[PDB]
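Report on the following structure.
Counting begins at 1 with the first residue of the sequence. Both backbone and side-chain heavy atoms feed into the values below; hydrogens, waters and symmetry mates do not.
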Amino acid sequence: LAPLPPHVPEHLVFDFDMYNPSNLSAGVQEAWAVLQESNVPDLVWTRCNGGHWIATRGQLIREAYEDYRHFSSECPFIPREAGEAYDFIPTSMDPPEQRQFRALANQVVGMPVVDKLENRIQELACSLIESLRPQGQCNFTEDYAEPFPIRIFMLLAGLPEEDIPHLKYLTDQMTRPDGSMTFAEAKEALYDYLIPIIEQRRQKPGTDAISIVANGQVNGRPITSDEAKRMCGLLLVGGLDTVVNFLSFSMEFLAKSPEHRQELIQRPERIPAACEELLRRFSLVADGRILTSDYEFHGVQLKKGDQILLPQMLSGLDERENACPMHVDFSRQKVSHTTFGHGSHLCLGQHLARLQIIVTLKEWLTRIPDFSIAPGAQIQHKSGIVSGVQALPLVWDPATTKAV
Ligand code: HEM
Ligand SMILES: CC1(C)[C@@H]2CC[C@@]1(C)C(=O)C2
Ligand SMILES: [K+]
């Protein structure tokens with residue numbers, strides 16, 4: 001625990017550890033939701049991970065993400081060393097500078113590319129699931145959650161699948177470090193991988209996402225090799241460690257709730273709405289901002305240089321935003337959340353993510369309508385910048401399945 005700074009009043013201290021929260025065994029979202037109990041202020045200080053603020057309510061989280069003048073993305077990760085090393089584009093930039101880079105990232109992960117890839121995405125989901133179907137069991141994280149998103153990303157980026165274990169290792173060190181590598185070491189190893197590839201593809205442009213970024217333009221001028229590398233690194237992290245984790249939360253929930261499976265089997269047209277409500281309930285990202293200047297925010301004195309975690313996960317779990325927030329209701333009238341962020345940094349990969357999620361729900365429930373958590377299994381979550389599921393053993397009776 002880091003010594004309490006003199007400017008932080010003792011009454012605002014709640015020593016929450018974002019990388020190993022105390023209530024983790026209850027589930028990761030539940031573990032974070034302790035910050036939303038009635039006795040906890042809207043804005044707390046934790047002495048964990050070097051000391052930082054945490055906004056605990058949707059109203060404050062949204063407000064801070066909108067106000068880039070006071071809350072800068074220049075240093076968006078905790079601990080400070082990670083945030084300081086963090087230089088991915090566009091995320092480490094504030095408007096006005098940030099904006100031009102979004103358009104280029106959209107050329108590779110935006111709606112047009114999602115439309116291009118939809119066939120291969122559907123094909124891979126169907127292929128993976130049909131292969132598992134007659135087995136009556138799987139290790140979901142290894143057998144589907146990882147390969148389905150990752151193999152599609154590797155295809156899009158024109159990278160060999162043999163590189164997956166290395167890259168997945170590095171990306172996991174930036175979000176849920178095991179202690180072997182600092183964020184800076186993992187980032188530099190990712191850049192080390194990308195540097196020769198970016199040079200190659202600037203010399204001989206191709207069709208893949210790295211080529212497109214590396215040869216792209218931003219507001220009418222050429223992207224630099226450095227800028228390309230900083231954007232490609234971010235795309236790799238997004239491709240390898242977002243949907244991969246979310247799919248497991250969703251499938252764990254469905255495995256534990258026959259009534260929700262029944263709902264989507266009976267009325268498959270509800271799947272997009274289900275996706276949205278699952279994105280709220282099993283929201284999984286938490287990054288933040290740095291104070292650009294001394295600022296009074298909701299009665300609290302923040303100091304220039306203070307880090308503030310603004311957990312995207314927390315907005316939709318806020319009872320003030322959503323009644324009975326821990327309850328999954330596919331018919332929820334107003335699904336309020338910031339799962340894909342808020343303000344000028346709104347997720348660029350969300351259209352890809354939604355497609356991958358919706359394709360998975362549709363194709364899984366078609367073939368394996370009934371399934372459960374393996375007898376006696378206790379599902380363990382993990383927490384970090386992006387939270388996840390350590391393992392998800394599923395079982396089903398093959399006699400309840402259908403080959404398409
Ligand atoms: C369930 C899946 C996903 C979730 C929950 C998610 C969440 C987020 C969040 C919360 C942010 C804002 C971060 C901030 O403001 O500091 C963000 C930004 C971003 N995401 Fe996603 N993401 C997902 C999938 C993806 C995928 C698959 C990609 C593909 C590479 C991607 C690419 C990006 C990029 C490039 C940004 C930066 C936009 C900017 O800074 O202007 N995301 N994402
Ligand atoms: C917080 C994020 C999900 C967003 C895309 C990948 C991620 C880890 C980032 O560094 C920005
Ligand atoms: K930085």
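- Applying the side-chain hydrogen bond (donor to acceptor under 3.5 Å, both in side chains) definition to pairs two or more places apart or across chains, those involving residues 106-129 are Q122-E363.
- Residue pairs satisfying the salt bridge (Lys or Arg N to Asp or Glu O under 4.0 Å) criterion with at least one member in residues 181-194, sequence neighbours excluded, are listed as follows: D87-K187.
- Annotation: salt bridge (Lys or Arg N to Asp or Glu O under 4.0 Å) contacts involving residues 217-229, sequence neighbours excluded, comprise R221-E227, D226-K229, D226-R230.
- Under the salt bridge (charged side-chain N to carboxylate O under 4.0 Å, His left out) criterion, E199 pairs with no residue, sequence neighbours left out.
- Take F71 and apply the ring pair (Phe, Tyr, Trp, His ring centres under 6.0 Å) test, not counting sequence neighbours, and it matches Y295, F297.
- Partners of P160 by side chain to side chain contact (heavy atoms under 4.5 Å, CB included), not counting sequence neighbours, listed by chain and number: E162, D163, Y193.
- Under 4.0 Å is where a charged nitrogen must lie from a carboxylate oxygen, and between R69 and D94 no such pair does.
- Under the rule for a salt bridge (charged side-chain N to carboxylate O under 4.0 Å, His left out), the partners of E276 that lie at least two apart in sequence or sit in another chain are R354.
- Put simply, the side chain of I54 does not reach to within 4.5 Å of the side chain of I308, judged on heavy atoms.
- A search for ring pair (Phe, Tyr, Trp, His ring centres under 6.0 Å) contacts involving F246 returns nothing, not counting sequence neighbours.
- Note on residues 21-66: pairs passing ring-ring contact (aromatic ring centres under 6.0 Å, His included), not counting sequence neighbours, are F16-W32, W45-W53.
- Pairs engaging residues 313-332 under the ring-ring contact (aromatic ring centres under 6.0 Å, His included) rule: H260-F330 [sequence neighbours left out].
- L190 has its side chain within reach of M174: a pair of non-hydrogen atoms, C-beta onward, lies under 4.5 Å apart.
- Partners of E130 under the salt bridge (charged side-chain N to carboxylate O under 4.0 Å, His left out) rule, at least two apart in sequence or in another chain, are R133.
- With sequence neighbours excluded, the residues satisfying salt bridge (charged side-chain N to carboxylate O under 4.0 Å, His left out) with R320 are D42.
- For the atom pair NE2 (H7) and CG (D294), the distance works out to 8.0 Å, reported to the nearest 0.5 Å.
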